[PDB]
Every structure is written in C-alpha cells, then in structure tokens.
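Novice: Structure incoming, see below.
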Amino acid sequence: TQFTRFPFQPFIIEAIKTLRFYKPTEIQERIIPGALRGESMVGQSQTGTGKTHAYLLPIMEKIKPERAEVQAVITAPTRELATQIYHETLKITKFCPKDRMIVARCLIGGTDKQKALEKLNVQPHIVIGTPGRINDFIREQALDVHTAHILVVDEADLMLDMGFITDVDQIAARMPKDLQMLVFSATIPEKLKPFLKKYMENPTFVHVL
C-alpha cells in the first residue's frame with residue numbers, strides 16, 4: 001500500500017489495505033495532506049468512494065476516541081448517498097482498537113415508522129446524514145454539533161438543487177467559528193458561492209479534471 005505516504009495510524013493503514021486500496025487517487029492525493037493540516041477545502045470531483053475516502057480517512061485520523069462527543073458531521077443530499085458514506089465509514093471503524101472505538105451513526109429518516117426507530121443513545125463521534133434530518137436532531141435537542149470541528153458537505157451542487165443548502169447553513173451555523181469545512185461538488189453553481197464565502201476564508205481548492 002502507498003497510503004503510507006500519509007501519516008495515518010496503523011489501524012487506518014490496515015483498513016486501507018482491507019479496502020484493497022494500493023495507490024491513492026488524485027482526489028485523495030490532493031486532499032488528504034491538507035485535510036490533515038486542518039484546512040478548509042473545496043474539491044471538485046465526480047462522486048465516488050475514492051473521493052469519499054479523501055475525506056473519511058483524514059477525518060478518522062483525527063477523531064479522539066476518548067471523547068464521546070460529535071467530532072465530525074457529514075452531510076449528503078439523499079438518503080442513499082448518506083448510506084453509502086456510512087458503509088465506507090464502518091469499513092474503517094471496524095478496525096479501531098477495542099479501547100479506542102469510533103462510533104458513527106447515519107441519520108436519514110424515511111417513513112414515520114422508520115424515523116421513530118432512529119434514535120441517539122450516545123453522541124456519536126461521527127454523524128452522517130441528510131441536512132434536514134440532522135437538523136431535526138438538533139432541533140429536538142438530541143444532538144450537539146457544537147463539539148464538532150469538522151463539517152463535510154458532499155455532492156454540494158446537488159444539495160443546492162434540492163433546496164437543502166439552507167439546512168446545511170443552519171447546521172454549520174451551530175458549529176464552532178473555527179470550523180474546518182470540506183466541500184465536495186462535481187460543479188460550483190453561482191447560487192453556491194455565498195455559502196462558501198460565508199464559512200470559508202482562504203480555503204484550498206482542488207479540481208481533478
């Protein structure tokens with residue numbers, strides 16, 4: 001595996017090998033180091049687990065397992081997109097050392113019967129979900145994103161299109177001022193720039209072509 005180029009914890013290296021990842025992709029190569037440094041970034045890329053990993057891997061590297069608080073919030077426009085990111089996350093977390101387990105929950109709602117089954121016992125280290133669903137948890141006083149310093153907005157353009165950027169803004173609103181934001185989008189709509197300018201100052205931009 002070439003991911004050794006990144007200073008990841010052993011368990012992460014092991015997860016990577018298990019994901020059958022030999023050489024970091026372009027999106028990965030350009031995002032990981034920056035992410036690890038704590039830079040806010042905007043990556044223009046096609047959807048894909050390679051891109052998913054560009055953010056998950058560095059995010060896993062920084063969780064503080066000891067602290068049972070939300071440390072990372074990841075948003076996606078659809079239930080399905082969110083579910084897939086959660087799948088990718090579990091393939092990494094299954095490798096955590098037993099006394100240092102990272103917990104992730106996926107909040108996507110669904111039918112009312114489904115919604116009612118979705119509950120938060122603990123404050124997961126990582127919260128994945130659609131923005132409105134995540135807002136529902138905040139609204140219901142069950143989730144504190146104030147402890148999280150990482151926000152990921154995936155498939156940003158589509159997000160905008162479905163009318164969810166207001167939900168995301170809200171969430172980012174409630175997070176620390178010194179927030180690290182990672183945005184991924186195939187494209188950069190005009191109606192999207194303000195959200196970006198608002199929460200990010202001197203963000204690193206990546207484009208894969």
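Identifiers for the structure tokens are assigned positionally: chains receive A, B, ... in sequence, residues are indexed from 1 per chain, and ligands are indexed from 1 in the order shown.
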Give me the residues within 10 Å of residue 30 in chain A as a list in words, counting only C-alpha atoms and dropping any in the same chain fewer than 2 places off.
Specialist: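 Contacts, in chain order: residues 24, 25, 26, 27, 28, 32, 33, 34, 35, 43, 54, 204, 205, 206, 207 and 208 of chain A.
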Novice: Which of these residues is nearest to residue 70 in chain A, using only C-alpha atoms: A:116, A:198, A:104, A:123?
Specialist: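 Looking only at the distances to residue 70 in chain A, the closest residue turns out to be A:123.
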Novice: Which of range 13-191 of chain A end up as alpha helix (DSSP H) when DSSP is run on this backbone - answer as a ChimeraX atom specification?
Specialist: /A:13-18,26-37,49-62,79-93,112-115,131-139,156-161,165-173
Novice: Using the selection just defined, write its residues with C-alpha atoms as an mmCIF file, in the first residue's frame.
Specialist:
data_model
loop_
_atom_site.group_PDB
_atom_site.id
_atom_site.type_symbol
_atom_site.label_atom_id
_atom_site.label_comp_id
_atom_site.auth_asym_id
_atom_site.auth_seq_id
_atom_site.Cartn_x
_atom_site.Cartn_y
_atom_site.Cartn_z
ATOM 1 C CA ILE A 13 -3.493 1.665 7.270
ATOM 2 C CA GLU A 14 -4.954 -1.741 7.901
ATOM 3 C CA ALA A 15 -8.486 -0.598 6.939
ATOM 4 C CA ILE A 16 -6.999 0.834 3.756
ATOM 5 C CA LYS A 17 -5.328 -2.399 2.862
ATOM 6 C CA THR A 18 -8.575 -4.169 3.545
ATOM 7 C CA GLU A 26 -5.737 12.112 -7.439
ATOM 8 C CA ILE A 27 -8.567 13.489 -5.309
ATOM 9 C CA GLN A 28 -7.059 11.607 -2.431
ATOM 10 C CA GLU A 29 -3.519 12.786 -3.101
ATOM 11 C CA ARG A 30 -4.559 16.365 -3.184
ATOM 12 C CA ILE A 31 -6.947 16.375 -0.315
ATOM 13 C CA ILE A 32 -5.513 14.242 2.431
ATOM 14 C CA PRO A 33 -2.459 16.228 3.456
ATOM 15 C CA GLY A 34 -4.414 19.408 3.505
ATOM 16 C CA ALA A 35 -7.275 17.874 5.417
ATOM 17 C CA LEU A 36 -4.807 16.542 7.989
ATOM 18 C CA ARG A 37 -3.459 20.098 8.412
ATOM 19 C CA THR A 49 -15.703 6.111 -2.902
ATOM 20 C CA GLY A 50 -12.235 7.326 -3.844
ATOM 21 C CA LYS A 51 -13.467 10.816 -3.180
ATOM 22 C CA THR A 52 -15.412 9.631 -0.124
ATOM 23 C CA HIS A 53 -12.206 8.303 1.299
ATOM 24 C CA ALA A 54 -10.453 11.567 0.585
ATOM 25 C CA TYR A 55 -12.408 12.930 3.413
ATOM 26 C CA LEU A 56 -13.144 9.932 5.590
ATOM 27 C CA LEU A 57 -9.574 8.775 6.040
ATOM 28 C CA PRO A 58 -8.195 12.033 7.330
ATOM 29 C CA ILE A 59 -11.334 12.505 9.409
ATOM 30 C CA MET A 60 -10.815 9.141 11.062
ATOM 31 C CA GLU A 61 -7.207 10.027 11.733
ATOM 32 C CA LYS A 62 -8.273 12.929 13.878
ATOM 33 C CA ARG A 79 -30.570 9.033 1.957
ATOM 34 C CA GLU A 80 -28.844 6.741 -0.436
ATOM 35 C CA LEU A 81 -25.716 8.920 -0.685
ATOM 36 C CA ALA A 82 -25.576 9.184 3.034
ATOM 37 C CA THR A 83 -25.962 5.458 3.445
ATOM 38 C CA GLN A 84 -23.079 4.810 1.239
ATOM 39 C CA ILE A 85 -20.779 7.085 3.133
ATOM 40 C CA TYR A 86 -21.833 5.292 6.317
ATOM 41 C CA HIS A 87 -20.907 1.991 4.687
ATOM 42 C CA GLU A 88 -17.457 3.316 3.857
ATOM 43 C CA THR A 89 -17.072 4.605 7.429
ATOM 44 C CA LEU A 90 -17.848 1.250 9.007
ATOM 45 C CA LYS A 91 -15.183 -0.480 6.931
ATOM 46 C CA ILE A 92 -12.718 1.836 8.568
ATOM 47 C CA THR A 93 -14.138 1.818 12.135
ATOM 48 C CA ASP A 112 -42.563 7.821 10.062
ATOM 49 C CA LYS A 113 -42.181 4.326 11.371
ATOM 50 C CA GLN A 114 -38.610 4.431 10.281
ATOM 51 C CA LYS A 115 -37.993 7.819 11.757
ATOM 52 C CA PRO A 131 -29.084 18.026 6.312
ATOM 53 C CA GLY A 132 -32.719 18.197 7.181
ATOM 54 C CA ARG A 133 -32.577 15.021 9.116
ATOM 55 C CA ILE A 134 -29.531 16.171 11.028
ATOM 56 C CA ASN A 135 -31.490 19.443 11.702
ATOM 57 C CA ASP A 136 -34.287 17.508 13.042
ATOM 58 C CA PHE A 137 -31.938 16.062 15.743
ATOM 59 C CA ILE A 138 -30.521 19.380 16.562
ATOM 60 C CA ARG A 139 -33.990 20.805 16.771
ATOM 61 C CA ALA A 156 -22.750 20.175 -2.808
ATOM 62 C CA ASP A 157 -24.228 21.132 -6.226
ATOM 63 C CA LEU A 158 -26.983 18.567 -5.978
ATOM 64 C CA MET A 159 -27.568 19.613 -2.406
ATOM 65 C CA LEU A 160 -28.209 23.159 -3.605
ATOM 66 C CA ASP A 161 -30.516 21.870 -6.267
ATOM 67 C CA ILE A 165 -28.399 24.468 1.369
ATOM 68 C CA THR A 166 -30.415 26.347 3.977
ATOM 69 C CA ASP A 167 -30.407 23.242 6.194
ATOM 70 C CA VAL A 168 -26.678 22.921 5.867
ATOM 71 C CA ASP A 169 -26.035 26.534 6.619
ATOM 72 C CA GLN A 170 -28.066 26.128 9.770
ATOM 73 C CA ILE A 171 -26.034 23.197 10.862
ATOM 74 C CA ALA A 172 -22.744 24.859 10.076
ATOM 75 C CA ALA A 173 -24.143 27.851 11.926
#
Novice: Just to confirm, what's the straight-line distance from CA of residue 5 in chain A to CA of residue 23 in chain A in Å (one decimal)?
Specialist: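 Taking CA of residue 5 in chain A and CA of residue 23 in chain A, their separation equals 9.7 Å.
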Novice: Per DSSP on the backbone, filter chain A down to the residues in strand (DSSP E or B) and report them as a ChimeraX atom specification.
Specialist: /A:41-44,72-75,104-107,126-129,150-153,180-185,204-207
Novice: May I have the residues from that selection written out with N, CA, C and O atoms, as a compact mmCIF listing (two decimals), in the first residue's frame?
Specialist:
# COMPACT_ATOMS: atom_id res chain seq x y z
N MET A 41 -11.45 23.13 2.61
CA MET A 41 -11.15 22.90 1.22
C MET A 41 -12.40 22.65 0.38
O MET A 41 -13.45 22.25 0.89
N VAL A 42 -12.24 22.89 -0.92
CA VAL A 42 -13.35 22.67 -1.83
C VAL A 42 -12.81 21.80 -2.91
O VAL A 42 -11.91 22.24 -3.63
N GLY A 43 -13.33 20.58 -3.01
CA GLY A 43 -12.82 19.68 -4.01
C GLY A 43 -13.80 19.46 -5.14
O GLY A 43 -14.92 19.02 -4.91
N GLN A 44 -13.39 19.72 -6.37
CA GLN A 44 -14.29 19.48 -7.48
C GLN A 44 -13.98 18.12 -8.02
O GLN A 44 -12.89 17.90 -8.53
N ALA A 72 -17.18 15.11 14.05
CA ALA A 72 -17.35 15.26 12.62
C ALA A 72 -18.82 15.06 12.18
O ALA A 72 -19.51 14.12 12.62
N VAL A 73 -19.28 15.97 11.29
CA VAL A 73 -20.64 15.99 10.75
C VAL A 73 -20.49 15.96 9.26
O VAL A 73 -19.74 16.78 8.71
N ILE A 74 -21.12 14.96 8.66
CA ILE A 74 -21.02 14.76 7.22
C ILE A 74 -22.42 14.78 6.64
O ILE A 74 -23.33 14.06 7.11
N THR A 75 -22.60 15.61 5.64
CA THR A 75 -23.90 15.75 5.01
C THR A 75 -23.89 15.40 3.54
O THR A 75 -22.94 15.70 2.80
N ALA A 104 -20.06 5.72 14.70
CA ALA A 104 -20.70 6.51 13.67
C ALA A 104 -22.19 6.16 13.56
O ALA A 104 -22.62 4.99 13.64
N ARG A 105 -23.02 7.19 13.33
CA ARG A 105 -24.44 6.99 13.13
C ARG A 105 -24.86 7.71 11.86
O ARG A 105 -24.30 8.75 11.52
N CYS A 106 -25.81 7.11 11.15
CA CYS A 106 -26.35 7.64 9.90
C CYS A 106 -27.80 8.05 10.11
O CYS A 106 -28.64 7.18 10.38
N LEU A 107 -28.09 9.36 10.02
CA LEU A 107 -29.44 9.90 10.24
C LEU A 107 -30.06 10.30 8.90
O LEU A 107 -29.68 11.31 8.31
N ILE A 126 -19.02 10.47 14.91
CA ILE A 126 -19.29 10.91 13.56
C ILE A 126 -20.73 10.81 13.24
O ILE A 126 -21.33 9.78 13.42
N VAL A 127 -21.25 11.90 12.73
CA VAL A 127 -22.65 11.94 12.38
C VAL A 127 -22.75 12.12 10.87
O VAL A 127 -22.15 13.06 10.31
N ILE A 128 -23.47 11.18 10.25
CA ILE A 128 -23.65 11.22 8.81
C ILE A 128 -25.14 11.33 8.52
O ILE A 128 -25.96 10.73 9.24
N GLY A 129 -25.53 12.05 7.48
CA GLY A 129 -26.98 12.12 7.25
C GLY A 129 -27.38 13.21 6.26
O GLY A 129 -26.55 13.93 5.74
N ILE A 150 -15.40 19.59 12.44
CA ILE A 150 -15.27 19.21 11.03
C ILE A 150 -16.63 19.12 10.40
O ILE A 150 -17.51 18.48 10.98
N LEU A 151 -16.80 19.75 9.24
CA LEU A 151 -18.07 19.68 8.55
C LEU A 151 -17.78 19.33 7.13
O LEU A 151 -16.91 19.95 6.52
N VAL A 152 -18.47 18.31 6.64
CA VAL A 152 -18.29 17.90 5.26
C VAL A 152 -19.60 18.12 4.55
O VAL A 152 -20.62 17.72 5.10
N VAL A 153 -19.57 18.74 3.36
CA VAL A 153 -20.78 18.97 2.55
C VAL A 153 -20.51 18.22 1.25
O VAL A 153 -19.69 18.67 0.44
N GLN A 180 -13.60 23.59 10.48
CA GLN A 180 -12.90 23.08 9.32
C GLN A 180 -13.98 22.56 8.37
O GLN A 180 -14.72 21.63 8.71
N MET A 181 -14.14 23.16 7.20
CA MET A 181 -15.18 22.71 6.31
C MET A 181 -14.63 22.13 5.04
O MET A 181 -13.73 22.68 4.40
N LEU A 182 -15.18 20.97 4.69
CA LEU A 182 -14.77 20.28 3.49
C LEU A 182 -15.97 20.14 2.55
O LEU A 182 -17.02 19.55 2.85
N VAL A 183 -15.82 20.73 1.38
CA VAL A 183 -16.91 20.68 0.45
C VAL A 183 -16.50 19.98 -0.81
O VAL A 183 -15.42 20.25 -1.37
N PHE A 184 -17.38 19.06 -1.22
CA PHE A 184 -17.18 18.32 -2.46
C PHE A 184 -18.37 18.46 -3.36
O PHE A 184 -19.52 18.27 -2.95
N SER A 185 -18.06 18.80 -4.61
CA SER A 185 -19.07 19.00 -5.62
C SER A 185 -18.56 18.84 -7.05
O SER A 185 -17.50 19.33 -7.42
N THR A 204 -8.59 25.97 0.50
CA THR A 204 -7.82 25.36 -0.54
C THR A 204 -8.78 24.75 -1.54
O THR A 204 -9.77 24.13 -1.13
N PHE A 205 -8.52 24.97 -2.82
CA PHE A 205 -9.37 24.47 -3.90
C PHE A 205 -8.68 23.37 -4.66
O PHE A 205 -7.50 23.45 -4.99
N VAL A 206 -9.43 22.33 -4.98
CA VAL A 206 -8.92 21.20 -5.73
C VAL A 206 -9.89 20.94 -6.85
O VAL A 206 -11.11 21.09 -6.70
N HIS A 207 -9.34 20.58 -8.00
CA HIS A 207 -10.10 20.24 -9.18
C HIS A 207 -9.42 19.06 -9.82
O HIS A 207 -8.20 19.11 -9.97
